[PDB]
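Asker:
Protein chains: 2
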Amino acid sequence: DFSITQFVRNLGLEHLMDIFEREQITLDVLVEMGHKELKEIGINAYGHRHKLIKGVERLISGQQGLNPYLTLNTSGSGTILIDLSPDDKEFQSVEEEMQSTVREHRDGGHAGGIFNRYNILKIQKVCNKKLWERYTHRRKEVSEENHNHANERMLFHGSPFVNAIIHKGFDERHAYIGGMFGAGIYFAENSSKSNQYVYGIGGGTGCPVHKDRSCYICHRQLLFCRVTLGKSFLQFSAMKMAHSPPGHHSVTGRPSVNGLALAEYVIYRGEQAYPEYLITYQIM
Amino acid sequence: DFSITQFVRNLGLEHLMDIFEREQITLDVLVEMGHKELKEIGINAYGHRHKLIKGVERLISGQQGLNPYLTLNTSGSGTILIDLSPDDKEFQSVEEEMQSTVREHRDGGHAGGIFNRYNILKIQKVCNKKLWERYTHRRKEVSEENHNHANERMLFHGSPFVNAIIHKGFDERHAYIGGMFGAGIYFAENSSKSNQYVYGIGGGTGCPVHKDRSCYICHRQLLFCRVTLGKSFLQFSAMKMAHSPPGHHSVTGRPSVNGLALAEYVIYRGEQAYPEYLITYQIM
Ligand SMILES: [Zn+2]
Ligand SMILES: [Zn+2]
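These protein sequence lines are chains A and B, in that order.
Position 58 of the first sequence, counted from 1, bears residue number 932 in full-length UniProt numbering, the numbering being contiguous throughout.
Position 175 of the second sequence, counted from 1, bears residue number 1049 in full-length UniProt numbering, the numbering being contiguous throughout.
1) Closer than 6 Å by C-beta to A:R923: which residues in its own chain qualify, once you throw out the five before and the five after it? Chain order, please.
2) Taking C-beta pairs closer than 7 Å, name the residues in chain A that B:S877 reaches, listed in chain order.
3) When the Cα of residue 1159 of chain B is compared with those of B:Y920, B:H1023, B:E969 and B:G929, which residue comes out closest?
4) 8 Å is my cut-off, CB to CB: does A:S967 come that close to chain B?
5) The beta strand (DSSP E) that contains B:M1028, what's its start and end?
6) For the segment 1017 to 1040 of chain A, which residues have a CB atom closer than 9 Å to at least one CB atom of chain B, in sequence order?
7) Report all residues from its chain with a CB closer than 7 Å to the CB of B:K996; omit the five preceding and five following residues, and keep chain order.
8) Hey, B:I1059 and B:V1131: beta-carbon distance below 8 Å or not?
9) Which residues mark the beginning and the end of the alpha helix (DSSP H) in which residue 848 of chain A is found?
10) Please list, in chain order, the chain A residues whose beta carbon lies closer than 9 Å to that of B:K963.
11) Check the Cβ of B:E1063 against every Cβ in chain A and list those closer than 8 Å, keeping chain order.
12) What did DSSP end up calling B:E1046 once you bin it into helix, strand or coil?
13) Using the beta-carbon of each residue, which ones in chain B are nearer than 8 Å to A:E971?
14) Could you check if B:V1072 belongs to the surroundings of ligand 2, using beta carbon to heavy atom distance under 7 Å?
15) Per the DSSP calculation, A:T1154 is bridged to which residue(s)?
16) Could you tell me whether any non-hydrogen atom of ligand 1 is closer than 7 Å to the CB of A:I1157?
17) Which of the three DSSP states, helix, strand or coil, is assigned to B:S949?
18) Relative to ligand 1, is the shortest distance from any of its heavy atoms to the C-beta of A:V1083 smaller than 7 Å?
19) So, with DSSP's three-state summary, where would you put B:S1124?
20) Can you tell me whether DSSP reads B:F1055 as helix, strand or coil?
21) Does any heavy atom of ligand 2 sit closer than 7 Å to the C-beta of B:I1091?
22) Would you list the one or two residues that DSSP bridges to B:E1138?
23) Mind checking whether the beta-carbon of A:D1086 lies closer than 7 Å to any heavy atom of ligand 1?
24) Quick check on the DSSP output: the beta strand (DSSP E) that includes A:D957 runs from which residue to which?
25) Return the chain-ordered list of same chain residues with a C-beta closer than 6 Å to the C-beta of B:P1119, the five sequence neighbours on each side being excluded.
26) In chain order, what residues of the same chain lie with their CB nearer than 7 Å to the CB of B:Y1071, ignoring the 5 residues before and after it?
27) Can the beta-carbon of A:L955 be found closer than 8 Å to that of A:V1000?
28) Whose C-beta lies closer than 6 Å to the C-beta of A:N1064 among residues of the same chain, with five residues either side of it excluded?
29) Quick one: what's got a C-beta closer than 6 Å to A:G1076's C-beta in the same chain, skipping five residues either side?
30) In whole angstroms, what is the alpha-carbon distance linking residue 1232 of chain A and B:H979?
31) Quick check: is the beta carbon of A:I994 nearer than 8 Å to any beta carbon in chain E?
32) Which one of A:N1020, A:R1094 and A:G1053 has the shortest CA to CA distance from A:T1102?
33) Count the other CB atoms within 10 Å of the CB of A:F1030; is the residue buried (16 or more) or exposed (fewer)?
34) Nearest CA to the CA of A:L1097: which residue from A:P1149, A:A1049, A:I994 and A:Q938?
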């Protein structure tokens, strides 16, 4: 509140403050205004606008080493969830992908429970500008390699930390070597495959409210994410691997005659995935 | 040649012709010039520039139904080939993708010849703005369906008509029901499979110079193309088609017992593929 007051006072233009107070002009707003905008709010004299613009230039550009522009302008960031309408084709296609990828697992519903299909409560698009910029920059880097192709896919992700993911993004620092391909972040083509990890590894102890892994009452959350796989390394046997193998950007576990029953995808960099859709559902 | 003269004479500005002759200004160039550009070439009077600009507006905007702009802007279109440097990362990535995807087929190199590695002579980027905009518009159309996911792959294509493809683009009107999945354009993830079709189905009659399908001497050509698959219908046995099945944008033929040996992809609309790279090579 007092920052713009100091800024204007240093210029000797405090007599303009009664305008800035009425238009709710803060310093983060002032740093984005030129001659046109300043004339709109009532700064009529050219000299006053010139002084204000030169002060803004001296602050933002003259002291860029301090990044004053980033201590300002912080507001407006964050995650917005936009609810899809069941009558739209986007919701219907997401639900079709969710339902049609269910499969019979080797374990008798021990981790994910027993069901044939889902009841989808709502689907939301996740919008976060900083996370999206991180993802697109990494995608550009990966596609500069691998002959101008990002090998981008849309894959399911199940975790008890979905809320943290949709606000801070994917992070490989939360992965550990206990995984089947090591310390990477895992994704699957099958929604039922990801449903096993919603309550932790191996299903954990079930829902917090029933302690039941097949609880048909408590809600569940999955993510449907854009994953940049780049040049993927195909593997059929388990590895305790910390990073992608040399020359590759991801690992693909393939279902052979023995071992894996379904395809699996692993990325060792959090910036290579973006959680586009958040799906809330129950198992039938 | 003469159109600029008629345009200038109709405005009563024929005395300006000597300038337009010196500066090689044609009508297609004139329609793109404003006050700044006209002032640059020495048309100093405001009235003359005003008359020229309003005449251009009356022509291009006043007769939009006859599309004079399309007639004037024909020049500059067409394909160009940009040679890749063997020392560049892109060339090496394409070469590795081609070499590492060689497989031994069910036949003993009857269609594509007998070999284990390629001798890549050159790789060329194909640039054509019209075809690129067509492909990008189709990609946006498909992405609006299939929950904001194009499902874009990089795949190999081989045919005796690549020269027509790089200038006119992929065209489904040349496809016929004789294919195993009907009248579509076929792509493969394995270079050696696409190599089988360079001279025609089953290798045709071999290279023109020798009529030899396993010729090690004559140059062969393949395309490495962006293919938009969207929602792909999985298939394991042959069934003929004129178009993709309802709700789907492409067909994926999968390996199976008594079925295919290697994966195949089929599209039924030409604008869903773009021939990004042209590769020419020798069979070793
Ligand atoms: Zn419960
Ligand atoms: Zn030959």
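Yeah, the Cβ is synthetic: ideal placement off N, Cα and C, and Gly gets one too.
Answerer: Reading from the atomic positions:
1) Taking the first sequence and counting its residues from 1, one reaches residue 923 of chain A at position 49. Closer than 6 Å at the Cβ level, and outside the excluded window around A:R923, lie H909, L912 and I917.
2) As a position in the second sequence, residue 877 of chain B is number 3, starting the count at 1. Going along chain A, no residue has its Cβ under 7 Å from B:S877, so there is no contact; the nearest lies around 41 Å.
3) Given a span of 875 to 1158 for chain B in the structure shown, any question on residue 1159 of chain B remains unanswerable.
4) Against the first sequence, residue 967 of chain A aligns to sequence position 93. For A:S967, the answer is yes, since a Cβ of chain B falls inside 8 Å of its Cβ.
5) As a position in the second sequence, residue 1028 of chain B is number 154, starting the count at 1. Where B:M1028 is concerned, the enclosing beta strand (DSSP E) stretches over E1026 to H1031.
6) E1018, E1019, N1020, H1021, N1022, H1023, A1024, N1025, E1026, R1027 and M1028
7) Position 122 of the second sequence, counting from 1, holds the residue named residue 996 of chain B. Result list for B:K996: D957 and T1154, in chain order.
8) Along the second sequence, one-based indexing puts residue 1059 of chain B at 185. Along the second sequence, one-based indexing puts residue 1131 of chain B at 257. Result no, Cβ atoms of B:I1059 and B:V1131 do not sit closer than 8 Å.
9) Because chain A here runs from 875 to 1158, residue 848 of chain A falls outside it and cannot be looked at.
10) For the purposes of this step, residue 963 of chain B is taken as the residue at position 89 of the second sequence. Here the neighbours are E1018, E1019 and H1021.
11) In the second sequence, counting from the first residue as 1, residue 1063 of chain B sits at position 189. Those within 8 Å of B:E1063 in chain A number zero; the least Cβ separation is about 12 Å.
12) Counted from its first residue, the second sequence places residue 1046 of chain B at position 172. Of the three classes helix, strand and coil, the one that applies to B:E1046 here is helix, per DSSP.
13) Here residue 971 of chain A is taken as the residue at index 97 of the first sequence, counted from 1. Neighbours of A:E971 on chain B, chain order: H1021.
14) Counted from its first residue, the second sequence places residue 1072 of chain B at position 198. Flag unset: Cβ of B:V1072 not near ligand 2.
15) Here the question's residue 1154 of chain A lines up with position 280 in the first sequence. According to DSSP, which records beta bridges pairwise, A:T1154 is partnered with A:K996 and A:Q1095.
16) For the purposes of this step, residue 1157 of chain A is identified with residue 283 of the first sequence, where counting begins at 1. Result no, Cβ not under 7 Å from ligand 1.
17) Position 75 of the second sequence, counting from 1, holds the residue named residue 949 of chain B. Coil at B:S949, not helix or strand.
18) For the purposes of this step, residue 1083 of chain A is taken as the residue at position 209 of the first sequence. Yes - ligand 1 has a heavy atom lying nearer than 7 Å to the Cβ of A:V1083.
19) Here the question's residue 1124 of chain B lines up with position 250 in the second sequence. In the structure shown, B:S1124 sits in a strand (DSSP, three-state: E or B).
20) Indexing the second sequence from 1 puts residue 1055 of chain B at position 181. B:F1055: coil per DSSP, three-state reduction.
21) Along the second sequence, read from residue 1 onward, the residue named residue 1091 of chain B stands at position 217. Yes, ligand 2 has a heavy atom inside 7 Å of this Cβ.
22) For this step, residue 1138 of chain B is matched to residue 264 along the second sequence. B:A1062 and B:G1127.
23) The residue given as residue 1086 of chain A occupies position 212 in the first sequence. Yes - ligand 1 has a heavy atom lying nearer than 7 Å to the Cβ of A:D1086.
24) By 1-based counting over the first sequence, the position of residue 957 of chain A is 83. Run containing A:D957: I954 to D957, per the beta strand (DSSP E) assignment.
25) Residue numbering aside, residue 1119 of chain B sits at position 245 when the second sequence is read from its first letter. Hits under 6 Å: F1107.
26) Against the second sequence, residue 1071 of chain B aligns to sequence position 197. Result list for B:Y1071: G1032 and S1033, in chain order.
27) Indexing the first sequence from 1 puts residue 955 of chain A at position 81. Indexing the first sequence from 1 puts residue 1000 of chain A at position 126. In contact: A:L955 and A:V1000 (Cβ atoms closer than 8 Å).
28) To locate residue 1064 of chain A, count along the first sequence from 1; it is residue 190. Here the set comprises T975, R977 and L1136.
29) For this step, residue 1076 of chain A is matched to residue 202 along the first sequence. These residues qualify, in order along the chain: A985.
30) What is shown of chain A runs 875 to 1158, which leaves residue 1232 of chain A out entirely.
31) Note that chain E does not occur in the displayed structure, where the protein chains are A and B.
32) As a working mapping, residue 1102 of chain A is identified with position 228 in the first sequence. Per the Cα distances, A:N1020.
33) Translated into the one-based positions of the first sequence, residue 1030 of chain A becomes position 156. It is buried - the Cβ of A:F1030 has at least 16 other Cβ atoms within 10 Å.
34) Along the first sequence, one-based indexing puts residue 1097 of chain A at 223. Answer by Cα proximity: A:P1149.
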